[PDB]
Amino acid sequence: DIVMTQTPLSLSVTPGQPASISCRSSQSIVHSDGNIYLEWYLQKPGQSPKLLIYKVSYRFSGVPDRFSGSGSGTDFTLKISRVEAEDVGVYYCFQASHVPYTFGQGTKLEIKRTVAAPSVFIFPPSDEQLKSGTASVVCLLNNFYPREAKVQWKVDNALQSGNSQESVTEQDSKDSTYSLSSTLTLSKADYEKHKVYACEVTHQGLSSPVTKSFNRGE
């Protein structure tokens, strides 16, 4: 089977600056009709791949002129003349010349932008959840850049360990920012034992940590 190898594995580009992704096939990918069926796809998290380039250089409908394809034999290149926020995601080359059809491992394109401090929001547990015997407190860090952000849960000013989970979003396709959700989970009994619930946020856009808190029963 033809092995498709992409270079680099990932790249960080400032908007307006050019980008290049190479695809090397283990064998020649010249189909019986003389044409090389080498395609470029862009995939974003939670979505199916989108065709950008087909037959080495042809662009699919709606695909900007910023994207161009070239290559011969084994070496193949995707070129983004000027990178835009919306180009974020994973790029894959794909050969449809020889059965079985094969894909490259993918190239993650990330984009560079100015520092953006997060908007910090806190959410006490719902009465529905409290009735079920559990209390989850959610801390939302919205639209920040860079992705590195530190969340610290404090209960009656005491630092929490081992009772929280967090996940960061993929990079936003419109404003190149990230969002973070952190949830502190306690039992109903433990939650009622304390008053002040706070999440303390550290980020490059903040000169000092920002605390978002609430008093239980207010």
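Basically, rigid core = biggest C-alpha set you can superpose within 1.5 Å across the two forms. Don't overthink the numbering: it's just position in the shown sequence, from 1.
- Between stretches 169-177 and 57-65, greater average Cα displacement in 4 other deposited structures of this protein relative to the shown form, fitted by the core, falls on 57-65.
- Between stretches 87-95 and 127-135, greater average Cα displacement in 4 other deposited structures of this protein relative to the shown form, fitted by the core, falls on 127-135.
- In this entry, 68-76 has the higher mean Cα B-factor, the comparison being between 141-149 and 68-76.
- Checked against the record, the higher mean CA B factor of 124-132 and 84-92 lies with 124-132.
- The maximum CA B-factor among the listed residues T183, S176, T169, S57, taken from the PDB record, is found at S57.
- Split the chain's modelled residues into thirds by C-alpha temperature factor. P15 is in the highest one.
- The deposited CA B-factor of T202 belongs to the lowest third of values across its chain.
- In the deposited entry, the Cα temperature factor of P45 places it in the lowest third of its chain's modelled residues.
- Remark: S187 belongs to the middle third of its chain, ranked by C-alpha B-factor as recorded.
- When the CA B factors of the chain's modelled residues are split into thirds, the value for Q165 lands in the lowest one.
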